[PDB]
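First up is the structure itself, then whatever we jot down about it.
Positions of Cβ are generated from backbone atoms using ideal geometry, with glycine treated the same way; all protein chains shown enter the neighbour counts. Derivation of every value follows stated rules applied to the coordinates shown; laboratory data play no part.
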There are 2 protein chains.
Amino acid sequence: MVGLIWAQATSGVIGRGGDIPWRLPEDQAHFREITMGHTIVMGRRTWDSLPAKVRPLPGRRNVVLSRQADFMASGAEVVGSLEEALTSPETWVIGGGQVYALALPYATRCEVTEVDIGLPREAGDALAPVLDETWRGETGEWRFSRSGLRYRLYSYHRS
Amino acid sequence: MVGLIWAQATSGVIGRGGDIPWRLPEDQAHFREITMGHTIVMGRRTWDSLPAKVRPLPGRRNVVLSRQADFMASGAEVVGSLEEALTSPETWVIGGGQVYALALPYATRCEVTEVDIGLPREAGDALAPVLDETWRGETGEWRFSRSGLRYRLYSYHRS
Ligand SMILES: NC(=O)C1=CN([C@@H]2O[C@H](COP(=O)(O)OP(=O)(O)OC[C@H]3O[C@@H](n4cnc5c(N)ncnc54)[C@H](OP(=O)(O)O)[C@@H]3O)[C@@H](O)[C@H]2O)C=CC1
Ligand SMILES: NC(=O)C1=CN([C@@H]2O[C@H](COP(=O)(O)OP(=O)(O)OC[C@H]3O[C@@H](n4cnc5c(N)ncnc54)[C@H](OP(=O)(O)O)[C@@H]3O)[C@@H](O)[C@H]2O)C=CC1
Ligand SMILES: CS(=O)(=O)Nc1cccc(-c2nc(N)nc(N)c2C#CC2CC2)c1
Ligand SMILES: [Co+2]
């Protein structure tokens, strides 16, 4: 069971200048609830942006898609290809927009956090992947973050 | 990943007289996308209560939990304990109310449909399992079933 997890503005932006243009504690805890105990797969840039206190993320099998034979994520399995990383019953892909895209065909779940934020798309922006017709799921009921923005949740089996 | 899926009245009734006191085609179809292609484990009564036509549930690994050493179920595996069914990576328990109880300790997902139907509990009723503080839930927005009843989805997870 490959799945995808990400948080985006309504515009589809998920990353900007290597960081995130917001910070939702609530969504952090959801991210951890769904991934805890499972294998997590990330591209290099994602890994590098992890604050050292949680490189690797605890209780999870950290896997990094790179292609440098010497990249060596301290506390992570470095892997040259995606399907070379999915040996598991539950695997969550955690970005970035690049890794996401390569993973979407093998995926049956996407857990999507939508942040009510006017964030028009700028060149260079990292975007959430585009889910076609086969992806079904509720449109979560809105919520206030203690940060002051609105957010909601989305989920998609398929097949 | 072992999940529970059931529909319940607001009182907690999930069944009565061996059957269900509503019929929501939207919930039937949600049951279909969730379980499709995966392993489904049910008690012998739940299996019997399937009409000959859709027994076994197609596209799914039909497992029936029983004690009769002789019990046949053309199109299902009869196993003696729950775990004899936990091979595959995504597994969905569909009752009856006894088997839910067995499976709860192994479960991280409960996909629950609450039906806005005033169904005061009665003796003999099958009830929904009680979720303690450990289970997280994004509730749902009330929808309208064409059969006339409102209903909503709870998706429960714990690490
Ligand atoms: N909003 C959210 O929910 C999330 C936000 N983000 C944001 O998104 C961005 C992260 O995305 P991105 O910048 O793309 O970083 P990534 O970590 O996704 O970088 C991907 C890298 O992995 C390797 N790779 C990718 N695809 C393949 C493949 N098919 N085969 C082999 N190697 C591959 C490449 O390195 P190599 O050349 O070595 O192969 C590539 O450069 C950041 O800006 C971050 O802040 C991050 C995650 C979630
Ligand atoms: N609303 C909903 O979403 C749902 C509705 N339902 C309703 O619920 C009812 C079904 O639940 P219920 O009546 O409790 O029946 P069950 O489906 O729980 O029947 C359980 C059966 O499985 C076997 N079994 C039970 N426990 C064990 C065990 N520990 N080890 C081995 N075998 C075991 C037994 O068969 P044996 O006697 O041969 O040993 C037992 O009779 C029906 O009325 C149905 O309509 C069902 C599921 C979901
Ligand atoms: C670490 S961070 O990016 O600075 N900020 C942060 C904190 C906590 C969670 C999330 C997050 N939430 C959702 N919904 N989906 C996700 N994929 C991620 C993520 C991520 C990448 C770091 C690995 C983001
Ligand atoms: Co989990």
Check the range A:116-123 and report whether any residue there is out of contact with any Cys (no Cβ under 8 Å at 6 or more places or on another chain), more than 14 Å from chain B (Cβ to nearest Cβ) and under 21 Å from B:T35 (Cα atoms).
no
Restricted to the range A:1-51 and to residues being within 7 Å of ligand 3 (Cβ to nearest atom) and among the aromatic types (F, W, Y), the residue farthest from A:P105 (Cα to Cα) is A:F31
Filter the range A:83-118 down to the residues that are more than 21 Å from A:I20 (Cα to Cα), charged (D, E, K, R) and either surrounded by 15 or more Cβ atoms within 10 Å (Cβ to Cβ) or within 16 Å of ligand 2 (Cβ to nearest atom) (or both) and list them by number.
A:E90, A:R109
For the range A:37-61 the number of residues that are under 17 Å from the mean Cα position of the chain (by Cα) and away from ligand 4 (no atom under 16 Å from the Cβ) is 13
Can you pull out every residue in the range B:10-30 that is aliphatic (A, V, I, L, M) and within 13 Å of the chain's Cα centre (by Cα)?
B:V13, B:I14, B:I20
With (1) surrounded by 16 or more Cβ atoms within 10 Å (Cβ to Cβ); (2) touching a helix residue (DSSP H, G or I) at 6+ places or on another chain (Cβ under 9 Å) as the list, and A:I40 as the residue in question, which single condition is left unmet?
(2)
Would you confirm, using the coordinates I've provided, whether A:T35 is more than 17 Å from A:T113 (Cβ to Cβ), in contact with a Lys or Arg (Cβ under 7 Å, 6 or more places away or on another chain) and either more than 14 Å from chain B (Cβ to nearest Cβ) or buried (at least 18 other Cβ atoms within 10 Å of the Cβ) (or both)?
no
I'd like to know if the range B:83-90 contains one or more residues that are among the aliphatic types (A, V, I, L, M) and over 26 Å from A:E141 (Cβ atoms).
yes
Among the residues of the range A:119-153, what is the count of those that are exposed (fewer than 10 other Cβ atoms within 10 Å of the Cβ), in contact (Cβ under 8 Å) with a residue 60 or more places away in the chain and under 17 Å from A:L24 (Cβ atoms)?
1
Are any residues in the range B:133-157 part of a loop (DSSP other than H, G, I, E, B) and under 17 Å from B:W6 (Cβ atoms), and if so, which ones?
B:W135, B:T139, B:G140, B:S145, B:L149
Residue under question is B:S88, and the condition is that it be of a type outside the set (V, I, T), more than 16 Å from ligand 1 (Cβ to nearest atom), in contact with a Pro (Cβ under 9 Å, 6 or more places away or on another chain) and within 14 Å of chain A (Cβ to nearest Cβ); does it hold?
yes
Examine the range A:124-140 for a residue that is over 30 Å from B:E141 (Cβ atoms), away from every other protein chain (no Cβ under 14 Å) and more than 9 Å from ligand 1 (Cβ to nearest atom), and state whether such a residue exists.
yes
